[PDB]
$ cat input-v2.pdb   # PDB, C-alpha atoms and all ligand atoms
ATOM      1  CA  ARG A  19     158.226  96.326  32.128
ATOM      2  CA  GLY A  20     154.978  96.886  30.265
ATOM      3  CA  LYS A  21     151.840  94.894  31.016
ATOM      4  CA  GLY A  22     152.352  94.043  34.669
ATOM      5  CA  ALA A  23     151.463  91.213  37.024
ATOM      6  CA  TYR A  24     147.779  90.660  36.257
ATOM      7  CA  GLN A  25     145.372  89.951  39.114
ATOM      8  CA  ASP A  26     143.161  86.954  38.362
ATOM      9  CA  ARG A  27     140.828  86.745  41.338
ATOM     10  CA  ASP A  28     139.207  90.097  42.240
ATOM     11  CA  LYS A  29     137.527  88.247  45.111
ATOM     12  CA  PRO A  30     140.253  89.437  47.529
ATOM     13  CA  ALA A  31     139.476  93.012  46.499
ATOM     14  CA  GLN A  32     135.762  92.337  46.999
ATOM     15  CA  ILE A  33     136.538  91.049  50.494
ATOM     16  CA  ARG A  34     138.663  94.099  51.310
ATOM     17  CA  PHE A  35     135.921  96.454  50.135
ATOM     18  CA  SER A  36     133.223  94.502  51.988
ATOM     19  CA  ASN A  37     135.221  94.647  55.223
ATOM     20  CA  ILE A  38     135.955  98.359  54.792
ATOM     21  CA  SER A  39     132.273  99.029  54.106
ATOM     22  CA  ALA A  40     131.130  97.094  57.174
ATOM     23  CA  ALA A  41     133.639  98.936  59.364
ATOM     24  CA  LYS A  42     132.686 102.363  58.023
ATOM     25  CA  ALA A  43     129.046 101.429  58.583
ATOM     26  CA  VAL A  44     129.694 100.561  62.232
ATOM     27  CA  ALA A  45     131.559 103.849  62.682
ATOM     28  CA  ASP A  46     128.824 105.905  60.945
ATOM     29  CA  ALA A  47     126.391 104.082  63.249
ATOM     30  CA  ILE A  48     128.223 105.034  66.452
ATOM     31  CA  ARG A  49     129.282 108.492  65.335
ATOM     32  CA  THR A  50     126.531 110.557  66.987
ATOM     33  CA  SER A  51     127.295 109.214  70.479
ATOM     34  CA  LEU A  52     130.682 111.002  70.440
ATOM     35  CA  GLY A  53     131.301 114.116  72.507
ATOM     36  CA  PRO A  54     129.416 116.227  75.049
ATOM     37  CA  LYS A  55     126.716 117.017  72.499
ATOM     38  CA  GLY A  56     126.429 113.314  71.694
ATOM     39  CA  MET A  57     123.248 111.379  72.386
ATOM     40  CA  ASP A  58     122.338 107.899  73.597
ATOM     41  CA  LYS A  59     121.124 104.809  71.801
ATOM     42  CA  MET A  60     118.411 102.461  72.984
TER      43      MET A  60
ATOM     44  CA  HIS B 113     119.848 120.604  70.951
ATOM     45  CA  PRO B 114     118.559 117.997  73.425
ATOM     46  CA  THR B 115     121.498 118.746  75.736
ATOM     47  CA  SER B 116     120.361 122.372  75.973
ATOM     48  CA  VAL B 117     116.759 121.313  76.602
ATOM     49  CA  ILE B 118     118.063 118.979  79.311
ATOM     50  CA  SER B 119     120.147 121.710  80.944
ATOM     51  CA  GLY B 120     117.125 124.000  80.963
ATOM     52  CA  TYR B 121     114.876 121.290  82.395
ATOM     53  CA  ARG B 122     117.409 120.531  85.133
ATOM     54  CA  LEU B 123     117.719 124.228  86.007
ATOM     55  CA  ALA B 124     113.948 124.678  86.028
ATOM     56  CA  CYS B 125     113.521 121.645  88.288
ATOM     57  CA  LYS B 126     116.126 122.965  90.737
ATOM     58  CA  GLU B 127     114.579 126.432  90.797
ATOM     59  CA  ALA B 128     111.013 125.131  91.054
ATOM     60  CA  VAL B 129     111.994 123.006  94.050
ATOM     61  CA  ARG B 130     113.709 126.016  95.623
ATOM     62  CA  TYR B 131     110.789 128.356  94.910
ATOM     63  CA  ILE B 132     108.328 125.877  96.434
ATOM     64  CA  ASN B 133     110.499 125.390  99.519
ATOM     65  CA  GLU B 134     110.890 129.166  99.934
ATOM     66  CA  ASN B 135     107.514 130.645  98.964
ATOM     67  CA  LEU B 136     104.752 128.032  98.628
ATOM     68  CA  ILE B 137     104.961 125.948 101.818
ATOM     69  CA  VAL B 138     102.666 126.090 104.832
ATOM     70  CA  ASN B 139     103.700 124.715 108.214
ATOM     71  CA  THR B 140     101.163 122.337 109.734
ATOM     72  CA  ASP B 141     102.122 123.646 113.183
ATOM     73  CA  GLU B 142     100.349 126.923 112.390
ATOM     74  CA  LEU B 143      97.216 124.942 111.448
ATOM     75  CA  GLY B 144      96.933 122.187 114.059
ATOM     76  CA  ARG B 145      95.096 118.909 113.504
ATOM     77  CA  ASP B 146      92.549 120.111 110.945
ATOM     78  CA  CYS B 147      95.518 120.398 108.576
ATOM     79  CA  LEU B 148      95.945 116.618 108.718
ATOM     80  CA  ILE B 149      92.238 116.054 108.111
ATOM     81  CA  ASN B 150      92.307 118.449 105.159
ATOM     82  CA  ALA B 151      95.377 116.785 103.636
ATOM     83  CA  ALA B 152      93.739 113.376 104.001
ATOM     84  CA  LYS B 153      90.532 114.678 102.416
ATOM     85  CA  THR B 154      92.506 116.215  99.559
ATOM     86  CA  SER B 155      94.204 112.896  98.867
ATOM     87  CA  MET B 156      90.886 111.058  99.146
ATOM     88  CA  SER B 157      89.064 113.416  96.796
ATOM     89  CA  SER B 158      89.097 111.715  93.361
ATOM     90  CA  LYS B 159      88.531 108.335  95.070
ATOM     91  CA  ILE B 160      85.446 106.250  95.832
ATOM     92  CA  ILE B 161      85.729 107.482  99.418
ATOM     93  CA  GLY B 162      85.593 111.116  98.327
ATOM     94  CA  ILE B 163      82.415 112.688  99.682
ATOM     95  CA  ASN B 164      82.649 110.446 102.743
ATOM     96  CA  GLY B 165      86.118 111.944 103.240
ATOM     97  CA  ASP B 166      84.502 114.143 105.908
ATOM     98  CA  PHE B 167      84.592 110.991 108.045
TER      99      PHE B 167
ATOM    100  CA  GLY C 502      91.563 123.172 102.834
ATOM    101  CA  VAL C 503      93.086 121.759  99.641
ATOM    102  CA  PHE C 504      96.515 120.747 100.933
ATOM    103  CA  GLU C 505      99.141 118.406  99.545
ATOM    104  CA  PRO C 506     102.407 117.366 101.201
ATOM    105  CA  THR C 507     105.313 119.352  99.791
ATOM    106  CA  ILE C 508     107.198 116.096  99.217
ATOM    107  CA  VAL C 509     104.481 115.105  96.725
ATOM    108  CA  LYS C 510     105.071 118.030  94.361
ATOM    109  CA  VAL C 511     108.843 118.137  94.929
ATOM    110  CA  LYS C 512     109.364 114.444  94.181
ATOM    111  CA  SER C 513     106.903 114.611  91.281
ATOM    112  CA  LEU C 514     108.997 117.353  89.688
ATOM    113  CA  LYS C 515     112.345 115.648  90.326
ATOM    114  CA  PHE C 516     111.207 112.241  89.054
ATOM    115  CA  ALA C 517     109.333 113.645  86.054
ATOM    116  CA  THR C 518     112.388 115.677  85.065
ATOM    117  CA  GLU C 519     114.724 112.693  85.355
ATOM    118  CA  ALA C 520     112.364 110.494  83.324
ATOM    119  CA  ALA C 521     111.971 113.180  80.667
ATOM    120  CA  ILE C 522     115.757 113.619  80.467
ATOM    121  CA  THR C 523     116.283 109.858  80.173
ATOM    122  CA  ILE C 524     113.817 109.534  77.308
ATOM    123  CA  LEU C 525     114.945 112.820  75.730
ATOM    124  CA  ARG C 526     118.517 111.566  75.500
ATOM    125  CA  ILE C 527     117.660 108.717  73.100
ATOM    126  CA  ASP C 528     118.333 109.559  69.456
ATOM    127  CA  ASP C 529     118.604 106.023  68.046
ATOM    128  CA  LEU C 530     116.995 102.651  68.645
ATOM    129  CA  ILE C 531     118.132  99.161  67.654
ATOM    130  CA  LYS C 532     115.414  96.559  68.235
ATOM    131  CA  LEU C 533     116.927  93.097  67.819
ATOM    132  CA  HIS C 534     114.915  90.168  66.485
ATOM    133  CA  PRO C 535     114.199  87.676  69.344
TER     134      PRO C 535
HETATM  135  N1  LIG D   1     133.129 119.593  77.278
HETATM  136  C1  LIG D   1     133.693 119.207  76.114
HETATM  137  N2  LIG D   1     133.903 120.093  75.122
HETATM  138  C2  LIG D   1     134.461 119.725  73.957
HETATM  139  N3  LIG D   1     134.854 118.472  73.686
HETATM  140  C3  LIG D   1     134.697 117.484  74.595
HETATM  141  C4  LIG D   1     134.099 117.806  75.890
HETATM  142  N4  LIG D   1     134.066 116.662  76.589
HETATM  143  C5  LIG D   1     134.603 115.690  75.809
HETATM  144  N5  LIG D   1     134.993 116.188  74.627
HETATM  145  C6  LIG D   1     135.595 115.437  73.504
HETATM  146  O1  LIG D   1     134.647 114.476  73.037
HETATM  147  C7  LIG D   1     135.325 113.292  72.619
HETATM  148  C8  LIG D   1     134.547 112.002  72.867
HETATM  149  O2  LIG D   1     134.345 111.641  74.228
HETATM  150  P1  LIG D   1     133.228 110.523  74.547
HETATM  151  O3  LIG D   1     131.909 111.004  74.014
HETATM  152  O4  LIG D   1     133.334 110.075  75.982
HETATM  153  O5  LIG D   1     133.632 109.280  73.627
HETATM  154  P2  LIG D   1     134.890 108.372  74.015
HETATM  155  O6  LIG D   1     134.422 107.643  75.244
HETATM  156  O7  LIG D   1     135.090 107.510  72.801
HETATM  157  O8  LIG D   1     135.999 109.356  74.272
HETATM  158  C9  LIG D   1     136.658 113.276  73.328
HETATM  159  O9  LIG D   1     137.681 113.050  72.360
HETATM  160  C10 LIG D   1     136.832 114.659  73.904
HETATM  161  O10 LIG D   1     137.983 115.253  73.307
HETATM  162 MG    MG D   2      95.902 111.286  95.280
END
$ encode --input "input-v2.pdb" --output "structure tokens"
Amino acid sequence: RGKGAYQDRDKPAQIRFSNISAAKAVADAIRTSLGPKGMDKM
Amino acid sequence: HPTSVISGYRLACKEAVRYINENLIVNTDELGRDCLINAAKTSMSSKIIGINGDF
Amino acid sequence: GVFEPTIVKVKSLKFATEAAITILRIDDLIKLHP
């Protein structure tokens, strides 16, 4: 068409990225406890 | 890796227990009652009843 | 006449090894605010 349906808010995208970041952080946190060579957390 | 250190420690514990039980033990039957007195004195050495352990 | 019961040394080794393994397995620590 041309221009396209313009997004006004950008807060939804911020929420998506914040949620993705938090989830990846939790994973990265418990990523070294995986497998036989994985270690414990206190 | 800590797993490898742990495996080695476990093995060394097992083999140290076995080596003690097979080579480093003395039967108190061969020694009689003075063995008991000596074991008690050994435990009491380092305590405030050390030199009096004899009694 | 310096004798110790075998159980003393044996249990010392077993318990020390288990404690060392337990502490040596920790690679992270999360201390939560009370
Ligand atoms: N002896 C082993 N050698 C190689 N991979 C292993 C061994 N034991 C477990 N795994 C792998 O390690 C992965 C994680 O297992 P684990 O640490 O218990 O975490 P989870 O409980 O999430 O499965 C499993 O997907 C398994 O495929
Ligand atoms: Mg003592």
$ interface_residues --input "input-v2.pdb" --of "chain C" --to "chain B" --cutoff "9 Å" --atoms "all atoms listed in the file" --output "ChimeraX atom specification"
/C:502-507,510-512,514-515,518-519,521-522,525-526
$ residues_near_ligand --input "input-v2.pdb" --ligand "ligand LIG 1 (chain D)" --cutoff "9 Å" --atoms "only C-alpha atoms and all ligand atoms" --output "VMD selection string"
chain A and resid 50 to 57
$ write_last_selection --input "input-v2.pdb" --atoms "C-alpha atoms" --output "PDB file, keeping the file's coordinate frame"
ATOM      1  CA  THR A  50     126.531 110.557  66.987  1.00  0.00           C
ATOM      2  CA  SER A  51     127.295 109.214  70.479  1.00  0.00           C
ATOM      3  CA  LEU A  52     130.682 111.002  70.440  1.00  0.00           C
ATOM      4  CA  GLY A  53     131.301 114.116  72.507  1.00  0.00           C
ATOM      5  CA  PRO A  54     129.416 116.227  75.049  1.00  0.00           C
ATOM      6  CA  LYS A  55     126.716 117.017  72.499  1.00  0.00           C
ATOM      7  CA  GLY A  56     126.429 113.314  71.694  1.00  0.00           C
ATOM      8  CA  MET A  57     123.248 111.379  72.386  1.00  0.00           C
TER       9      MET A  57
END
$ closest_residue --input "input-v2.pdb" --among "B:167, B:135, B:161, B:156" --to "ligand MG 2 (chain D)" --atoms "only C-alpha atoms and all ligand atoms"
B:156
$ closest_residue --input "input-v2.pdb" --among "A:42, A:58, A:24, A:32" --to "chain B" --atoms "all atoms listed in the file"
A:58
$ interface_residues --input "input-v2.pdb" --of "chain C" --to "chain A" --cutoff "10 Å" --atoms "only C-alpha atoms" --output "number ranges by chain"
C: 523-532
$ write_last_selection --input "input-v2.pdb" --atoms "C-alpha atoms" --output "tab-separated table (two decimals), keeping the file's coordinate frame"
chain	number	residue	atom	x	y	z
C	523	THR	CA	116.28	109.86	80.17
C	524	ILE	CA	113.82	109.53	77.31
C	525	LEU	CA	114.94	112.82	75.73
C	526	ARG	CA	118.52	111.57	75.50
C	527	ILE	CA	117.66	108.72	73.10
C	528	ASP	CA	118.33	109.56	69.46
C	529	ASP	CA	118.60	106.02	68.05
C	530	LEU	CA	117.00	102.65	68.64
C	531	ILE	CA	118.13	99.16	67.65
C	532	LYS	CA	115.41	96.56	68.24
$ atom_distance --input "input-v2.pdb" --atom1 "CA of residue 509 (chain C)" --atom2 "CA of residue 116 (chain B)"
27.1 Å
$ atom_distance --input "input-v2.pdb" --atom1 "CA of residue 45 (chain A)" --atom2 "CA of residue 30 (chain A)"
22.6 Å
$ closest_residue --input "input-v2.pdb" --among "B:158, B:134, B:163, B:141" --to "ligand MG 2 (chain D)" --atoms "all atoms listed in the file"
B:158
$ atom_distance --input "input-v2.pdb" --atom1 "CA of residue 144 (chain B)" --atom2 "CA of residue 165 (chain B)"
18.4 Å
